[PDB]
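Before any questions on how it binds or moves, here is one chain, the form solved without adenosine-5'-triphosphate, in structure tokens.
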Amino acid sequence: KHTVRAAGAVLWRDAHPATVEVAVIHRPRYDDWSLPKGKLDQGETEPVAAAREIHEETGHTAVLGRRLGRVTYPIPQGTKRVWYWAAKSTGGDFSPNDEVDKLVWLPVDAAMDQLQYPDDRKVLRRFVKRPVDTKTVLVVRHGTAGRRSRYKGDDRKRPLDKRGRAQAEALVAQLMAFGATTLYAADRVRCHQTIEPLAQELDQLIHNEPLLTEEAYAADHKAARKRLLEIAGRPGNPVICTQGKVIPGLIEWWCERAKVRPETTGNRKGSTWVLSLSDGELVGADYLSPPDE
């Protein structure tokens, strides 16, 4: 591949003179003030790399929220692409070392003045444009599950294929990066199976959702919209695994109603839409590729 994948973050905490402060880090390797970031390690996806890099470079545990864009650079083979997220510090302490020897917590205008690079300042401008104390709803399309059957009951029970099972396993860490706590799935085997590894990891039962199947959609294009909103209103960060036809419409409906612009779009099997909410309203809709893409 000619693409080097990387991720970074604006790590923030609720503090004054600021209600939010962000971490700016000094890197001895380049004598610069920047944001935590790094290339993906083997088997990672971007959100996991972001969480890992936050902990490596700041000492802090964090939960990811809204995606904050991507920066690309030319490399000799091709292109290096860095995706960024807002991330709330949940614990830990900074300790200097030879990779990051200083960290400062600053209100966003002071952090803007501290950052050496226009790409990092751009990411910080994105951060400030919308709230970051967000609740997260994770809408997931089931993993690959072969071709459809002519018999409806058979089709509805179709399990994941080998690739889909690998996707389901790879989703665990990805979705945990966002602090997933509760699990819901359309009334189809493949939808439950996709999030069963996560259910195992969390020890959390998957709530079954007949209103979120295509069958239910074909009867009432919205009873489902209402169910997603009802799930979104519960405490905690839910994962909702559903079918392909249901997703674009739900996402487009919500983005239209809330005036939100997704930066990327897709509906691949095993993909994730990260929906960020601020006082019950959508402020971000971030499409993540399937973990093996």
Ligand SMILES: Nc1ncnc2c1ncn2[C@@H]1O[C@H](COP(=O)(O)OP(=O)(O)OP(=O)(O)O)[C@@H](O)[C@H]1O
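Just count from 1 along the sequence shown to find any residue number. Between two forms, the rigid core is defined as the largest C-alpha subset superposing within 1.5 Å.
Modelled in this chain, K269 is likewise built in all the other compared entries whose models extend past it on both sides, so a third of them omitting it does not occur. In the comparison with other entries of the same protein, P17 is left without coordinates in at least one third of those covering both sides of it. Going from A15 to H16, you skip over 4 to 9 residues of the deposited sequence that the entry leaves unmodelled.
The stretch 2-10 shows the higher mean C-alpha B-factor when 284-292 is compared against 2-10 in the entry.
Between 265-273 and 19-27, the higher mean Cα B-factor belongs to 19-27. For the set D133, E99, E169, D119, the maximum C-alpha B-factor listed in the entry falls on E99. When the C-alpha B-factors of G164, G179, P197, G153 are read from the PDB record, the largest value belongs to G153. The deposited CA B-factor of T45 belongs to the middle third of values across its chain.
Sort the chain's modelled residues by C-alpha temperature factor and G69 lands in the middle third, per the entry.
In this PDB entry, the Cα temperature factor of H221 sits in the top third of its chain's modelled residues, the highest group. Per the PDB record, residue ranking by Cα B-factor puts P235 in the highest third of the chain.
When all modelled residues of the chain are sorted by CA temperature factor, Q174 is found within the lowest third.
This next part talks about the form solved in complex with adenosine-5'-triphosphate, which is not shown.
Contact with adenosine-5'-triphosphate in the bound PDB entry, defined as a heavy atom within 4.5 Å, holds for exactly one of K135, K88, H192, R141, namely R141. For the candidate set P107, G179, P197, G146, a heavy atom within 4.5 Å of adenosine-5'-triphosphate in the bound PDB entry is found for exactly one residue, namely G146. The stretch among 166-174, 219-227, 149-157, 203-211 whose residues place heavy atoms within 4.5 Å of adenosine-5'-triphosphate in the bound PDB entry is 149-157. Residue contact check for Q243: one or more of its heavy atoms lie within 4.5 Å of adenosine-5'-triphosphate in the bound PDB entry. The closest heavy atom approach of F94 to adenosine-5'-triphosphate in the bound PDB entry falls outside 4.5 Å. Contact check for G69: every heavy atom lies farther than 4.5 Å from adenosine-5'-triphosphate in the bound PDB entry.
Although the partner is absent here, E263 sits far enough away that none of its heavy atoms falls within 4.5 Å of adenosine-5'-triphosphate in the bound PDB entry. Shown without its partner, the chain has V71, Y73, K80 in segment 63-94 as residues with a non-hydrogen atom within 4.5 angstroms of adenosine-5'-triphosphate in the bound PDB entry. Among the candidates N97, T90, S149, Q200, the CA atom that moves 2 angstroms or more between the shown form and the other one after core superposition belongs to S149 alone. With the core held fixed, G78 shows a CA shift of 2 Å or greater between the shown form and the other one. Between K152 and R165, the C-alpha separation grows by 3 Å or more in the bound PDB entry, relative to the conformation displayed.
Compared with the form shown, the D154-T213 C-alpha separation decreases in the bound PDB entry, the change being 3 Å or greater.
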